[PDB]
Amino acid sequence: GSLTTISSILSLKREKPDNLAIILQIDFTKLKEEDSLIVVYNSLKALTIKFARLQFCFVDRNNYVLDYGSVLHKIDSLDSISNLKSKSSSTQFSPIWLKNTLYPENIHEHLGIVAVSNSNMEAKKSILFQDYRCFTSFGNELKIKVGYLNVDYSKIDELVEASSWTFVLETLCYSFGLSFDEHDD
């Protein structure tokens, strides 16, 4: 719920990551209004104020990668988000796939991983069941389910549940002292 979402995010913030990778799995049919996609856009933009090298990956409800890479590079407008509803893909997502794709020469900073999904809790399709294993770098790994569950899952360790995309993403951005007002300071 709200309490654990907040404390989980505060834990990540505490670790002072040099950068974040945001992995968002969206079942578009569960979206009852336009606010969730808009908050996804606004949040990704806001986070780049702090993290210029912000990375992202969008995944569909069947675990296909829709787009990924640098937020500054690909997240041009709201359309960049809304267009993914119609994006075809034959590439299955996995954390190792993502690490190999984003970091072919390995990771060299403290990277915070934020995985958020609103799709059905099916082990083979939900990004929340996957092993974020490879983001070990010696040389901050958060898994959040949007939409409360009446089923107990634990092959997932510290799964976190939240009421909406808005709550999760507002909590994430605000914990870093960001907002969507587009004021420069």
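Numbering starts at 1 and follows the sequence shown.
Counting the deposited residues that fall between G139 and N140 and carry no coordinates gives a value of 4 to 9. According to the record, 1 to 3 deposited residues between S154 and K155 are left without atomic coordinates. In this entry, 115 to 123 shows the higher mean Cα temperature factor of the pair 45 to 53 and 115 to 123. Looking at mean Cα B-factors across 5 to 13 and 172 to 180, the upper value is held by 5 to 13. Across the residues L128, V146, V59, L31, the deposited record lists the maximum Cα B factor for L31.
Looking at the C-alpha B-factors along this chain, the one for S163 belongs to the highest third. Among all modelled residues in its chain, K87 ranks in the middle third by Cα B-factor. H73 sits in the lowest third of its chain by CA B factor, as recorded in the PDB entry. Ranked within its chain, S36 lands in the middle third, by CA B factor from the PDB record.
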